[PDB]
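**Q** What would the 3D arrangement of this be:
(5 chains, ligands or ions: 3)
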Amino acid sequence: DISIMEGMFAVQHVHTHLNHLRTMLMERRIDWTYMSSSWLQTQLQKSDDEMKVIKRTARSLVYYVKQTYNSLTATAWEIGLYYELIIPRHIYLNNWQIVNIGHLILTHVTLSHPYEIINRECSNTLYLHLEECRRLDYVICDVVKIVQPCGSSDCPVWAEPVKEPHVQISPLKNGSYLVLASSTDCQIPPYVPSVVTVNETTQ
Amino acid sequence: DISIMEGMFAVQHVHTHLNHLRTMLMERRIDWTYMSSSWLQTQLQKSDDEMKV
Amino acid sequence: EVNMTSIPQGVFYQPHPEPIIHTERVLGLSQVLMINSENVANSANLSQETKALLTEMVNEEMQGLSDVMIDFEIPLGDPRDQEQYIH
Amino acid sequence: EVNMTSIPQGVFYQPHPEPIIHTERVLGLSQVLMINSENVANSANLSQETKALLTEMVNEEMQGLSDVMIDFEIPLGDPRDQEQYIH
Amino acid sequence: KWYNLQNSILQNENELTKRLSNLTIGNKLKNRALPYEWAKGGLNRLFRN
Ligand SMILES: *[C@@H]1O[C@H](CO)[C@@H](O[C@@H]2O[C@H](CO)[C@@H](O[C@@H]3O[C@H](CO)[C@@H](O)[C@H](O)[C@@H]3O)[C@H](O)[C@H]2NC(C)=O)[C@H](O)[C@H]1NC(C)=O
Ligand SMILES: *[C@@H]1O[C@H](CO)[C@@H](O)[C@H](O)[C@H]1NC(C)=O
Ligand SMILES: *[C@@H]1O[C@H](CO)[C@@H](O)[C@H](O)[C@H]1NC(C)=O
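**A** Numbering: from 1, shown residues only, chains lettered A, B, ... in the order given. Ligands and ions are numbered 1, 2, ... in the order given. Here you go, the structure:
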């Protein structure tokens, strides 16, 4: 009995990993535990950190599952996998998004910026304009362009008439609020955008 | 041998839950079995049914 | 009480912590998995009775996977050619 | 045979059983998991030989998870500031 | 022996197609593709004993 129960543990251990592989395959991902992935790091020369992005954003497709041996104490199966890999060119690990509020003087005035992302990963800041981006895991974009910071650059100014009161409030995702109000019922300077944080609930 | 095989069951039990957590993390979800989530129900006052959403 | 800070020119910056990849090209590959139980049986020390307990699990898992896959063929050549279709 | 019912004004109603949330705001948080095997070993009664069987599993699972994560840093402050970058 | 489980289905198909194309005249197989009992000049190139 102990001889049998010792071998049963290996069966359970294999069962867990096989179930995980089945879940990953039904999920149109790739289980890299079952695949080597070491041969393609040398064929195309990439860093260790750049290979993780390639591994993470891979999509798979199963086009045949078959059984070749059907003995009572032995079995053999085959799965055909077709998968697609996305090769990157840059990574841009440190990013900041830009929100434009402007000021009102009614007339609402907002400056126009060509760039949308600021990169501080390098020593100098980079200004990136993104086009046709896809939101799957990390942001995937076909084209990103470096542009000048509204200097060696030109920025149009657009002003639109708006009626009073025209108050706008935006949550800041860290608990603060962005307020742009012509009128002032709370202790807030008018006509100037402000960041507001409160200790208790107030209106 | 029985002393070893008794402790092996706990290892298997931990392995199952750790694999589930890894799947959830690769899936950009949150495994609430590994996280408390009881402190933020009091900081922001919400009903039991509103916390499930 | 309230806390304040005046934005100078009405421009604010959001963290936005997700990376940006800027892909270059996409590649496609094919591969076969070849699940076999004899290798696992030999690596372990199964005794002709736990082998049947392993093949049963492998068979049921593989059948469960195979119950939702359509078993088609991958196009690789040219639609016009007749020799490939004849083959 | 057929079954009939005349719609009075040409307007019909679909079940549509999914809920509708109408969000208010979005928040962001950070947290650390701190996986440790000593707590599990102490809670159980491992005997200096099943401990090595537990650390092996924990290590292989954690390495499998770590093989697909890029290990970047979360932006939290202001892009202009030089002191944070110097630090 | 060239037909085995260690190869994939496509691999076996390519093996069979190449061997059949090499050892066939019209639609008739060569004697060398048969066992020694089936033909005088058999070399077991395609079948086995
Ligand atoms: C949510 O994030 C925003 C954006 O960072 C925070 O607003 C900023 O908070 C910092 C920290 O207090 C402010 O810096 C301070 O500026 C004053 C000058 O008025 C200076 O004397 C202090 O020594 C300190 O450096 C910053 O001005 C403020 N506004 C910005 C950056 O536009 C906000 O506090 C965050 N909310 C929470 C609840 O964490
Ligand atoms: C708000 O200002 C008060 C003093 O005016 C200060 O004690 C408190 O820490 C501030 N709250 C913040 C910065 O969140
Ligand atoms: C259709 O009408 C017949 C009688 O006209 C009735 O017996 C049958 O139950 C009806 N089918 C429905 C309501 O689905």
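
**Q** Next up, the contacts around the closest residue to residue E:10 other than its chain neighbours.
**A** Using Cβ to Cβ, 6 or more residues apart in numbering or on different chains and skipping residues adjacent in sequence, the residue nearest residue E:10 is residue C:32, 8.0 Å away. Just so you know, the C-beta spots here come from the backbone N, C-alpha and C atoms, and that holds for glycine as well. Counting by Cβ atoms under 8 Å, 6 or more residues apart in numbering or on different chains, residue C:32 touches A:78, A:79, A:80, A:81, E:8, E:10.

**Q** Can you report phi and psi for residue C:32?
**A** Main-chain dihedrals, residue C:32, degrees, to the nearest 10: phi -120, psi 140.

**Q** Starting from residue E:7, give me the distance back to it.
**A** To residue E:7, residue C:32 is 10 Å away according to Cβ to Cβ, to the nearest Å.

**Q** Also residue A:136?
**A** Using Cβ to Cβ, one obtains 37 Å as the distance from residue A:136 to residue E:7.

**Q** These two: who's more crowded?
**A** residue E:7 (16 against 11; other Cβ atoms under 10 Å in any protein chain shown).

**Q** want to throw the contacts of residue C:32 into JSON lines with distance to residue A:156 and neighbour count?
**A** Shown next, in JSON lines, are the contacts of residue C:32 (distance: Cβ to Cβ, whole Å; neighbours: other Cβ atoms under 10 Å in any protein chain shown):
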{"residue": "A:78", "distance to residue A:156": "61", "neighbour count": "19"}
{"residue": "A:79", "distance to residue A:156": "56", "neighbour count": "21"}
{"residue": "A:80", "distance to residue A:156": "55", "neighbour count": "22"}
{"residue": "A:81", "distance to residue A:156": "51", "neighbour count": "18"}
{"residue": "E:8", "distance to residue A:156": "61", "neighbour count": "17"}
{"residue": "E:10", "distance to residue A:156": "60", "neighbour count": "12"}
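
**Q** Closest one of the residues you listed to ligand 1?
**A** Among the contacts of residue C:32, residue A:81 lies closest to ligand 1 (Cβ to the nearest ligand atom), at 45.5 Å.

**Q** partner residues bridging that closest one?
**A** Following DSSP bridges, residue A:81 is listed with bridge partners residue A:62, residue C:31.

**Q** That one touches residue C:34, doesn't it?
**A** No - applying Cβ atoms under 8 Å, one finds residue A:81 not in contact with residue C:34, separated by 11.0 Å.

**Q** Sketch out the helices for the chain, chain order is fine.
**A** Defaulting to chain A. Ranges of helices within chain A are A:2-26, A:40-43, A:48-56, based on DSSP state H.

**Q** wrong one, I was asking about chain E
**A** For chain E, the helices defined by DSSP H cover E:9-22.

**Q** Now the residue nearest in space to the middle of chain A: closest residue in space, sequence neighbours ignored.
**A** The centroid of chain A falls nearest to residue A:138 when counting by Cα atoms, centre = their mean (3.0 Å). Closest residue to residue A:138 in three dimensions, ignoring its sequence neighbours and counting by Cβ to Cβ, 6+ apart: residue C:19, at 4.6 Å.

**Q** Then residue A:72?
**A** Residue nearest to residue A:72 in three dimensions, not counting chain neighbours: residue C:52, with 6.5 Å by Cβ to Cβ, 6+ apart.

**Q** Report the closest residue of chain C relative to chain E.
**A** Chain E sits closest to residue C:32 of chain C, with a gap of 4.8 Å, by Cβ to the nearest Cβ.

**Q** List the contacts of the residue of chain E found nearest chain D.
**A** Using Cβ to the nearest Cβ, the single residue of chain E nearest to chain D is residue E:8, 26.4 Å away. Counting by Cβ under 8 Å, 6+ apart, residue E:8 makes contact with A:78, C:32, C:34.

**Q** Quick one: name the residues of chain A near chain D.
**A** Remark: the part of chain A in contact with chain D comprises A:32-33, A:49, A:52-53, A:55-56, A:91, A:93-96, A:118, A:120, A:125, A:171, A:173-175, using Cβ under 8 Å from any Cβ of the partner chain.

**Q** What's opposite residue A:118 in the beta bridge?
**A** Beta-bridge partners of residue A:118, counted by DSSP bridges, are residue A:96, residue A:127.

**Q** which ones are touching it?
**A** Residues in contact with residue A:118 (Cβ under 8 Å, 6+ apart) are A:95, A:96, A:98, A:125, A:126, A:127, A:128, C:13, D:79.

**Q** now do residue A:120
**A** Residue A:120 touches A:94, A:96, D:75, D:79, D:85, counting by Cβ under 8 Å, 6+ apart.

**Q** what sits against the fourth one?
**A** When the contact criterion is Cβ under 8 Å, 6+ apart, the partners of residue D:79 are A:96, A:118, A:120, A:125, C:13.

**Q** Then the first one?
**A** Applying Cβ under 8 Å, 6+ apart, we find residue A:94 in contact with A:119, A:120, A:121, D:72, D:73, D:75.

**Q** Give me the PyMOL select line for those residues, limited to the buried ones.
**A** The PyMOL command for the buried members of the contacts of residue A:94 (criterion: 16 or more other Cβ atoms under 10 Å in any protein chain shown) is given here:
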select buried, (chain A and resi 119+120+121) or (chain D and resi 72+75)
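
**Q** Tell me the one of the contacts of residue A:94 nearest residue A:64?
**A** residue D:72 (38.5 Å; Cβ to Cβ).

**Q** Which single residue of chain C approaches ligand 1 most closely?
**A** residue C:5 (3.9 Å).

**Q** I'd say that residue and residue A:194 touch.
**A** Yes - judged on Cβ under 8 Å, residue C:5 makes contact with residue A:194 at a distance of 6.9 Å.

**Q** if you count what's nearby, which of those two comes out ahead?
**A** Between residue C:5 and residue A:194, residue A:194 has the larger neighbour count (other Cβ under 10 Å), namely 20 against 10.

**Q** what sits opposite the more buried one in the beta ladder?
**A** residue A:179, residue C:6.

**Q** Now do the contacts for it.
**A** A:178, A:179, A:180, A:188, C:4, C:5, C:6, C:7.

**Q** Out of those residues, flag the one nearest to chain B.
**A** Closest approach to chain B among those (Cβ to the nearest Cβ): residue A:178, at 20.2 Å.

**Q** What sits closest to that closest one if chain neighbours are left out?
**A** residue A:170 (4.3 Å).

**Q** Now do the same contact list for that neighbour.
**A** Taking Cβ under 8 Å, 6+ apart as the test, what residue A:170 contacts is A:99, A:101, A:177, A:178.
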